[PDB]
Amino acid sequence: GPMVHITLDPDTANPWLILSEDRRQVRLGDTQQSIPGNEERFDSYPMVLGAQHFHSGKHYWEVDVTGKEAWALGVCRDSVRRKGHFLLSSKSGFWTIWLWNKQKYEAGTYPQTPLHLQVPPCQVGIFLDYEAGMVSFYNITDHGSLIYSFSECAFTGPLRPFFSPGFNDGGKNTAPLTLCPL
């Protein structure tokens, strides 16, 4: 089946992130960790990838976002640049949605698409269909209604799960992203 046990890849995690020992949770830290500057690590934003690689097929997982004022979720090319600043955008190899400012939900098209969610999600489901070129996001709190779907994605290599528990803002958004047991 499509359900997949996601774990986080510590080698990609920006130093502002704290990963749980089981690598199923991630949160913003109050200070930067001292860790290596290996090529895989995102150096400019608090992001981290799942360890799993997708080359084909259908895949699904869920993330708890309860009570966070900001976060970003989805999938990206393994080949996306890790160093420096960039746009979280389908044009750049990212298929993501995000919340910021407590109630601004957007999809990472470029230009960005504003999202209008009648029921703020406490848990989000991400569905990847490699062959169909689709990444879809579901509001678990709202009985699995569709938040947004990217279609006509032109996948060419391995894809990775993508996660950010927020950006650095002074330590208000400390709660973790948690991968849900499926």
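When you see a residue number, it is the position in the sequence shown, counting from 1.
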- Higher of the two mean Cα B-factors (170-178, 7-15; per PDB record) comes from 170-178
- With B-factors read from the PDB entry, the higher C-alpha mean of 44-52 and 26-34 is in 26-34
- What's the residue among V65, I126, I147, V119 with the greatest CA temperature factor in the PDB record? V119
- Note on the structure: Of the three thirds of the chain ranked by Cα temperature factor, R81 occupies the middle
- Message: Going by the CA temperature factor in the PDB record, which third of the chain does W98 belong to: lowest, middle or highest?
- Response: middle
- Name the third of the chain's ranked CA B-factors that contains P111, choosing lowest, middle or highest. highest
- Third of chain Cα B-factors occupied by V135: lowest
